[PDB]
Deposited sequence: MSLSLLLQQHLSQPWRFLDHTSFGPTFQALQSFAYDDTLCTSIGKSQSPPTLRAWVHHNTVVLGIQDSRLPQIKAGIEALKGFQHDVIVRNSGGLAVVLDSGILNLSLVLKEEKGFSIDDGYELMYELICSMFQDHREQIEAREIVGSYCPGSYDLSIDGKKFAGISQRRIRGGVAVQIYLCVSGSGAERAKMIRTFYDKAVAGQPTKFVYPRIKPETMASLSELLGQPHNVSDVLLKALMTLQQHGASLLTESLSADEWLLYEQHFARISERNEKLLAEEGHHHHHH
């Protein structure tokens, strides 16, 4: 019996940092067998989450200024991946399950991949999209254009497979903002890592790829139906008292490490 956590309908004050605290709390409680596997859906207003490496770029302050120029708040995720965009047209799903023998890193990525393909039941590839921001081995795309990115977080015996799904709007416009971020952050200077060379055309939202408009709720519904059609008993619940304690503690740590990195 899976638990479902709906964090998709809150105001623009609901921060990505809080979201990070939630996934960490879930990994901790599910890792102690005190909580059932959890599906957590979340959405945030205009936010650019930078990776640790992005924050150390030569002209970072100019990069952040540009991003604040796009009316996007900026934070850095400690376990650095690379700059990714978060807005009302981006649905994020976190599948948090118990870490066990035989359930590899790739097993986690594969599970999320299968889940997406089923929600949209042969066109979807799991392949790094060169030219896209936050490129990874498990980028998801159709006709060669990236519409989702996957990452995995493992702490306290819990595994959180996370994905950002570009549901509505233009995938390319989001990329142009990030390209501008790197342009001003790198500024033609040497860097400590191979930053992505953004090619806007290699990214697209599901609405653009499927040829018809979809909103976050439509895609959320698909995931819910797909899970139950596959045997899961989804129950809409809130955190337990102990989880709230872990949440506050996790959020305090996360919130301080972000303020620093900036």
Exercise. Just jot down which stretches of the deposited chain sequence have no CA coordinates, in the order they come.
Key: 1-13, 135-137, 279-288
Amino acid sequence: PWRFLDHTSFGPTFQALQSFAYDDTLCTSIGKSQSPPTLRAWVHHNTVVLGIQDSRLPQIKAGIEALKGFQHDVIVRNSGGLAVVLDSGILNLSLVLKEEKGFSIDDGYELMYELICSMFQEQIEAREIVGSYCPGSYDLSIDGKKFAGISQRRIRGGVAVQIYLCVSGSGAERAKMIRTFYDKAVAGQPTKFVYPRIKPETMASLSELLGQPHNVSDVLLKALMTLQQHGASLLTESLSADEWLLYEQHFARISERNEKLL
From here on, numbers count along this sequence of modelled residues.
Quiz item: Which has the higher mean CA temperature factor in the PDB entry, 217-225 or 199-207?
Solution: 217-225
Exercise. For the higher mean C-alpha B factor in the entry, choose 164-172 or 79-87.
Key: 79-87
Quiz item: At the C-alpha atoms, which of 138, 182, 133, 103 reaches the highest B-factor in this entry?
Solution: 103
Quiz item: Taking the entry's C-alpha B-factors for this chain, is residue 94 in the lowest, middle or highest third?
Solution: lowest
Quiz item: In terms of the CA temperature factor given in the entry, to which third of its chain does residue 127 belong: lowest, middle or highest?
Solution: lowest
Quiz item: What third of the chain, by the recorded C-alpha B-factor, contains residue 72?
Solution: highest
Exercise. Going by the recorded CA B-factors, say which third of the chain residue 120 sits in, lowest, middle or highest.
Key: highest
Quiz item: Compared with the other modelled residues in the chain, in which third is the CA B-factor of residue 249?
Solution: highest
